[PDB]
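Colleague: Got a file for you: target01.csv, CSV, C-alpha atoms and all ligand atoms.
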chain,number,residue,atom,x,y,z
A,1,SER,CA,-101.3,-12.6,-56.5
A,2,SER,CA,-99.9,-16.1,-57.2
A,3,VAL,CA,-102.3,-19.0,-56.8
A,4,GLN,CA,-101.4,-21.7,-54.3
A,5,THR,CA,-101.7,-25.4,-55.1
A,6,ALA,CA,-101.8,-28.8,-53.4
A,7,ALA,CA,-101.6,-32.2,-55.1
A,8,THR,CA,-102.2,-35.9,-54.3
A,9,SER,CA,-102.1,-39.1,-56.3
A,10,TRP,CA,-103.0,-42.7,-56.0
A,11,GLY,CA,-102.5,-46.0,-57.7
A,12,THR,CA,-100.2,-46.7,-60.7
A,13,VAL,CA,-102.0,-45.2,-63.7
A,14,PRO,CA,-102.1,-42.9,-61.7
A,15,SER,CA,-105.0,-40.7,-60.6
A,16,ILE,CA,-103.9,-37.2,-59.7
A,17,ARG,CA,-105.9,-34.4,-58.0
A,18,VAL,CA,-104.6,-30.8,-58.0
A,19,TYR,CA,-106.3,-28.2,-55.9
A,20,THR,CA,-105.8,-24.5,-56.6
A,21,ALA,CA,-106.7,-21.6,-54.3
A,22,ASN,CA,-107.3,-18.6,-56.6
A,23,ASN,CA,-108.8,-15.3,-55.3
A,24,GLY,CA,-110.4,-17.1,-52.3
A,25,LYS,CA,-111.9,-20.1,-54.2
A,26,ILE,CA,-110.4,-23.6,-54.3
A,27,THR,CA,-111.1,-25.7,-57.3
A,28,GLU,CA,-109.9,-29.1,-58.5
A,29,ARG,CA,-108.4,-30.6,-61.6
A,30,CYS,CA,-108.3,-34.3,-62.1
A,31,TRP,CA,-106.3,-36.9,-64.1
A,32,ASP,CA,-107.1,-40.6,-64.2
A,33,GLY,CA,-104.9,-41.4,-67.2
A,34,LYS,CA,-106.9,-40.0,-70.1
A,35,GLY,CA,-107.0,-36.2,-69.9
A,36,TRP,CA,-107.4,-33.4,-67.4
A,37,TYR,CA,-110.9,-32.4,-66.4
A,38,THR,CA,-112.6,-30.3,-63.7
A,39,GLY,CA,-113.6,-32.1,-60.5
A,40,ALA,CA,-116.6,-31.6,-58.2
A,41,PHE,CA,-114.6,-29.8,-55.5
A,42,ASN,CA,-115.5,-26.1,-55.0
A,43,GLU,CA,-114.9,-24.5,-51.6
A,44,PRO,CA,-113.7,-21.1,-50.2
A,45,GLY,CA,-110.1,-20.7,-49.1
A,46,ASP,CA,-106.9,-18.9,-49.6
A,47,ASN,CA,-104.6,-21.8,-48.7
A,48,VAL,CA,-105.0,-25.5,-49.4
A,49,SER,CA,-103.4,-28.8,-48.4
A,50,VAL,CA,-104.5,-32.4,-49.2
A,51,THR,CA,-103.8,-36.0,-48.3
A,52,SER,CA,-105.4,-39.2,-49.5
A,53,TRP,CA,-105.3,-43.0,-48.8
A,54,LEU,CA,-106.7,-46.1,-50.3
A,55,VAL,CA,-108.8,-48.7,-48.6
A,56,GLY,CA,-108.8,-51.5,-51.1
A,57,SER,CA,-109.8,-49.9,-54.3
A,58,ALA,CA,-111.7,-47.0,-52.7
A,59,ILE,CA,-109.9,-43.6,-52.5
A,60,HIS,CA,-110.4,-41.3,-49.5
A,61,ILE,CA,-109.4,-37.6,-49.9
A,62,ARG,CA,-109.1,-34.9,-47.2
A,63,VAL,CA,-108.7,-31.3,-48.3
A,64,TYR,CA,-107.8,-28.6,-45.7
A,65,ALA,CA,-109.0,-25.2,-46.8
A,66,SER,CA,-107.9,-22.1,-44.8
A,67,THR,CA,-109.2,-18.6,-44.6
A,68,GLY,CA,-107.8,-16.4,-41.9
A,69,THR,CA,-107.2,-18.7,-38.9
A,70,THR,CA,-110.1,-21.0,-39.8
A,71,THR,CA,-109.2,-24.3,-41.4
A,72,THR,CA,-112.1,-26.5,-42.7
A,73,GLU,CA,-111.7,-30.1,-43.7
A,74,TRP,CA,-113.5,-31.5,-46.7
A,75,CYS,CA,-113.9,-35.2,-47.2
A,76,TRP,CA,-114.3,-37.4,-50.3
A,77,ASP,CA,-115.2,-41.0,-49.5
A,78,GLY,CA,-116.9,-41.8,-52.8
A,79,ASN,CA,-120.2,-39.9,-52.3
A,80,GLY,CA,-119.6,-36.2,-52.7
A,81,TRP,CA,-117.6,-33.7,-50.6
A,82,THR,CA,-118.7,-33.5,-47.0
A,83,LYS,CA,-117.5,-31.4,-44.1
A,84,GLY,CA,-115.0,-33.2,-41.8
A,85,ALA,CA,-114.7,-33.2,-38.0
A,86,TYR,CA,-111.3,-31.5,-38.1
A,87,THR,CA,-110.9,-28.5,-35.7
A,88,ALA,CA,-107.9,-26.5,-34.7
A,89,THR,CA,-106.2,-26.5,-31.3
A,90,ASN,CA,-106.2,-23.7,-28.8
B,1,LIG,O1,-114.1,-38.7,-60.9
B,1,LIG,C1,-113.9,-37.4,-60.5
B,1,LIG,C2,-114.1,-37.2,-59.0
B,1,LIG,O2,-115.4,-37.7,-58.6
B,1,LIG,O3,-113.0,-37.9,-58.4
B,1,LIG,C3,-113.1,-37.8,-56.9
B,1,LIG,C4,-113.0,-36.4,-56.5
B,1,LIG,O4,-111.7,-35.9,-56.9
B,1,LIG,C5,-114.1,-35.6,-57.1
B,1,LIG,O5,-114.1,-34.2,-56.7
B,1,LIG,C6,-114.1,-35.7,-58.6
B,1,LIG,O6,-115.2,-35.0,-59.2
B,2,LIG,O1,-115.4,-39.9,-42.4
B,2,LIG,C1,-115.0,-38.5,-42.1
B,2,LIG,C2,-113.9,-38.5,-41.1
B,2,LIG,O2,-114.3,-39.1,-39.9
B,2,LIG,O3,-112.8,-39.1,-41.7
B,2,LIG,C3,-111.6,-39.1,-40.8
B,2,LIG,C4,-111.2,-37.7,-40.5
B,2,LIG,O4,-110.9,-37.0,-41.7
B,2,LIG,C5,-112.4,-37.0,-39.8
B,2,LIG,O5,-112.1,-35.6,-39.5
B,2,LIG,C6,-113.6,-37.0,-40.7
B,2,LIG,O6,-114.7,-36.4,-40.0
Written as structure tokens, how would this file's structure read?

Modeller:
Amino acid sequence: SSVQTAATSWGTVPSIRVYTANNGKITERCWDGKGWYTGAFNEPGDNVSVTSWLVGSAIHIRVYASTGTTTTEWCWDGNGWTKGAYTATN
């Protein structure tokens, strides 16, 4: 039905990342001050949340993608999206 989004931002320009879960696929749109464009993130999920932090000038992003009761963490640390160590509790 209705897509579900999550958003994060950093800096002062700023940079913004908006993740949209649509029909089981999460994609990413990006802003760094000069126009929206499509990001590299593509992962399965019906629900999405996100957080990010800076270490100096380097952004680190964590996206939590959920299907059913399984949540997978995806990490951006400058070098492509890698699977994180996040696991659920009992
Ligand atoms: O410069 C765009 C980009 O590299 O920014 C960091 C992450 O949002 C990536 O998915 C995205 O493609
Ligand atoms: O560098 C990746 C990592 O260690 O970053 C911190 C947390 O997001 C962890 O789950 C994740 O595996």

Colleague: Using only C-alpha atoms, can you tell me which of A:63, A:75, A:70, A:14 comes closest to residue 87 (chain A)?

Modeller: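 Among the listed residues, A:70 lies closest to residue 87 (chain A).
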
Colleague: Would you mind listing the residues within 10 Å of ligand LIG 1 (chain B), counting all atoms listed in the file, as a VMD selection string?

Modeller: chain A and resid 8 15 to 19 27 to 32 37 to 42 59 to 61 75 to 81

Colleague: Kindly give the distance, in Å, that separates CA of residue 69 (chain A) and CA of residue 90 (chain A), rounded to a single decimal.

Modeller: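 Separating CA of residue 69 (chain A) from CA of residue 90 (chain A) is a distance of 11.3 Å.
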
Colleague: Quick one: distance from CA of residue 13 (chain A) to atom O1 of ligand LIG 2 (chain B) in Å, one decimal?

Modeller: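 Value for the CA of residue 13 (chain A)-atom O1 of ligand LIG 2 (chain B) distance: 25.7 Å.
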
Colleague: Could you please extract the residues within 6 Å of ligand LIG 2 (chain B), counting only C-alpha atoms and all ligand atoms, and hand them back as a list in words?

Modeller: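 So the residues close to ligand LIG 2 (chain B) are residues 84, 85 and 86 of chain A.
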
Colleague: For CA of residue 68 (chain A) and CA of residue 51 (chain A), quote the distance in Å rounded to one decimal.

Modeller: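 Those two atoms sit 21.0 Å apart.
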
Colleague: Restricting the calculation to only C-alpha atoms, which member of A:66, A:11, A:21, A:71 is positioned closest to residue 54 (chain A)?

Modeller: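 Nearest to residue 54 (chain A): A:11.
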
Colleague: Between A:56, A:48, A:34, A:62, which is the closest to residue 82 (chain A) once you count all atoms listed in the file?

Modeller: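 Result for the nearest residue to residue 82 (chain A): A:62.
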
Colleague: Between A:58, A:35, A:52, A:65, single out the one closest to residue 20 (chain A), counting all atoms listed in the file.

Modeller: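 Selected residue with least distance to residue 20 (chain A): A:65.
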
Colleague: My list of candidates is A:72, A:89, A:67, A:23. Which is closest to residue 50 (chain A) when distances are computed with only C-alpha atoms?

Modeller: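 Among the listed residues, A:72 lies closest to residue 50 (chain A).
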